[PDB]
Amino acid sequence: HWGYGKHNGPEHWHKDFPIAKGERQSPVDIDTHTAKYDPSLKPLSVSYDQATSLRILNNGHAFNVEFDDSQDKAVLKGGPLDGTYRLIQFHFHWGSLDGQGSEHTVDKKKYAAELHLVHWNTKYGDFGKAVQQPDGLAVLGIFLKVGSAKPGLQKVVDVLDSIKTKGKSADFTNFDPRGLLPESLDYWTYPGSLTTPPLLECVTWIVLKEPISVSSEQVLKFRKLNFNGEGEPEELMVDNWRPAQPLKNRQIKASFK
Ligand SMILES: Cc1cccn(O)c1=S
Ligand SMILES: [Zn+2]
C-alpha cells in the first residue's frame, strides 16, 4: 500500500488514487511574485482557547495529535472561508535533512518541515461527510525552519518515544496548539487537496507566510519515529512529504501586500 519509498511513493499513488493527477492537487509551489493581493480577504480568525486535545497517534505515515471535535471548541473562520471549521487534528510532514521536508514551497524554497492544522466545515456535520465536499476542509499550513527552539512544540517532541512505531498511540490531553503559531497570520490561499491518499479535493489551503523556528534537536526527534510497526525492520519516518504538483487552472491569493 502507499507510502514514501521507491516502490510506493508519490509517483505511484495515482494507480490506486487516480485523483492524484486531478485538477486541484496539493501541495504547489507558491510563486510570491504571481500571487495577487486580494483586499477582499479577511483577517484569519483562529479561536483555539477552548481546544481539547485527546491523543497522539503514529499512523504509519505521520503522527496525528487529535482533538475533541464534538462541539465548537477550536475553530477557524474568516480569511477566505465562509462559515466555521472545527479543528480535528494536526500533523507534520518533514525531511531527512534540514534542506527539505515541507510540501508547499515558496519561490521553490523548501522548509525543514510543515505543520498542517486540519479543520472540517461544520455545515457538513462531521469529518467524513465534509471530505465528500469541495469546501469540506480548511487546512492551516505553517512552515518550520531550523534555528531557535519552539517551546510550544516541546511537549509533542517529548511524547514521540512513546509512539515510535505504526499503530502506537498515547494520551495527549491539555496540549495548546496556540503555542505552534507564528506572530503574523498573513497568508496565501488557494483551493487544493489532501497531500496524502486519498488525495481528496476538499481543501481551502491557508498557508502562513511566517515560518516558526524549531531547533535542530526538535526536528531530530521527529526523524527517530518509524514508519514500520513494532517487531518489523526499522525504517525511519523521514521524507513523508509530497512534492509540488501542477498549479493548473488555479490562482494563489495573498492576504497581504
Ligand atoms: C488534510 C490532511 C488530512 C490527513 C492527512 N494529511 O496529510 C492531510 S494534509
Ligand atoms: Zn498534511
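Because the Cβ atoms are built from the backbone with ideal geometry, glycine has one as well, and the counts that use them run over all protein chains shown. Derivation of every value follows stated rules applied to the coordinates shown; laboratory data play no part.
Let me know the shape class of the chain, please: from the alpha-carbon gyration tensor, a ≥ b ≥ c as square roots of the eigenvalues, rounded when a/c is under 1.5, otherwise prolate if a/b is greater than b/c, or oblate. Let's see the in-between values first.
On the way: a/c = 1.32, a/b = 1.19, b/c = 1.11.
Rounded shape, in that the Cα axes give a/c under 1.5.
Label segment 143-222 by shape, choosing from rounded, prolate and oblate, from the square roots a ≥ b ≥ c of the eigenvalues of the Cα gyration tensor; if a/c is under 1.5 it is rounded, and otherwise prolate applies when a/b is larger than b/c, oblate when it is not.
Numbers: a/c = 1.99, a/b = 1.21, b/c = 1.64.
Verdict is oblate for segment 143-222.
Among the GluC sites (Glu not before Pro) in segment 114-220, which ones are in a DSSP loop with at most 14 other Cβ atoms within 10 Å of the Cβ? Mind listing them? If you can, show how the numbers build up before the last one.
Values: sites: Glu114, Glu183, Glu201, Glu217; in loops: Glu183, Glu201.
Hits after loop and neighbour filter: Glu183.
Comparing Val159, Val28, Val238, which has the greatest mean-square fluctuation in the GNM of the chain with Cα pairs linked when under 10 Å apart?
Result: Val159 has the largest fluctuation of those listed.
Between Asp158 and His14, what FRET efficiency comes out of the Förster formula 1/(1 + (r/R0)^6) with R0 = 45 Å and r the beta carbon distance, rounded to 0.05? Let's see the in-between values first.
Working: r = 38 Å, r/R0 = 0.84.
The value I calculate is 0.75.
Just subtract the alpha-carbon distance of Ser169 and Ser45 from 0.36 nm times their residue separation and send over the number in nm, one decimal. Let's see the in-between values first.
Numbers: separation 124, 0.36 × 124 = 44.64 nm, distance 3.05 nm.
Here the segment from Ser169 to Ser45 would lengthen by 41.6 nm.
Using a 10 angstrom cutoff on alpha carbons, build the Gaussian network for the chain and name the most mobile of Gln50, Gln25, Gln245.
Among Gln50, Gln25, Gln245, the largest GNM mean-square fluctuation belongs to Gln50.
May I ask you to compute the full-extension gain from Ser184 to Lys257, defined as 0.36 nm times their residue separation minus their alpha-carbon distance, rounded to one decimal in nm? Could you put the intermediate results ahead of the total?
Values: separation 73, 0.36 × 73 = 26.28 nm, distance 1.33 nm.
Net length gain for the segment: 25.0 nm.
What net charge do the residues around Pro211 carry, taking every other residue with its C-beta under 14 Å from that of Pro211, with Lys and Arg at +1 and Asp and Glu at -1? Working shown, then result.
Values: positive: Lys109, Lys110, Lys145, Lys150, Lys209; negative: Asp98, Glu103, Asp107, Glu114, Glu183, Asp186, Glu210.
Result for the neighbourhood of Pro211: -2.
Grab the other residues whose beta carbon is less than 11 angstrom from that of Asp82, score K and R as +1, D and E as -1, and report the net.
So the surrounding residues net to +2.
Could you work out how far apart the two model spin labels at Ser70 and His1 are, taking each label as a point 7 Å from the Cα in the direction of the beta carbon, and quote it in nm?
Once both label points are built, they end up 2.6 nm from each other.
Just to confirm a number: summing +1 for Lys and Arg and -1 for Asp and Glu over residues other than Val106 whose beta-carbon lies under 13 angstrom from that of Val106, what do you get?
On the way: positive: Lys108, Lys109, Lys110, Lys145, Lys209; negative: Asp29, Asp31, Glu103, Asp107, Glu114, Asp186, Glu210.
Charge balance near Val106 sits at -2.
Tell me what the chain gives for mean residue ellipticity at 222 nm when only DSSP H runs of n ≥ 4 count, each as -39,500 (n - 2.57), the sum divided by the residue total, rounded to 500 deg cm²/dmol. Before the final figure, lay out the partial values.
Numbers: 4 runs with 21 residues, N = 257.
Helices in the chain give a 222 nm mean residue ellipticity of -1500 deg cm²/dmol.
Points 7 angstrom from Cα along the Cβ direction at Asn249 and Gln132: gap in nanometres?
Here the answer is 2.6 nm between the modelled labels.
Given the C-alpha centroids of segment 191-232 and segment 1-77, what is the distance between them in whole angstrom?
8
May I ask you to derive the relative contact order of the chain, considering only C-alpha pairs under 8 Å and at least 6 residues apart, and to give it as an integer percent? If you can, show how the numbers build up before the last one.
Values: 643 pairs, mean separation 68.1, N = 257.
It rounds to 26 percent for the chain.
Label points 7 Å out from Cα along the Cβ direction at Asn59 and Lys224: separation in nm?
Result: 2.4 nm between the two label points.
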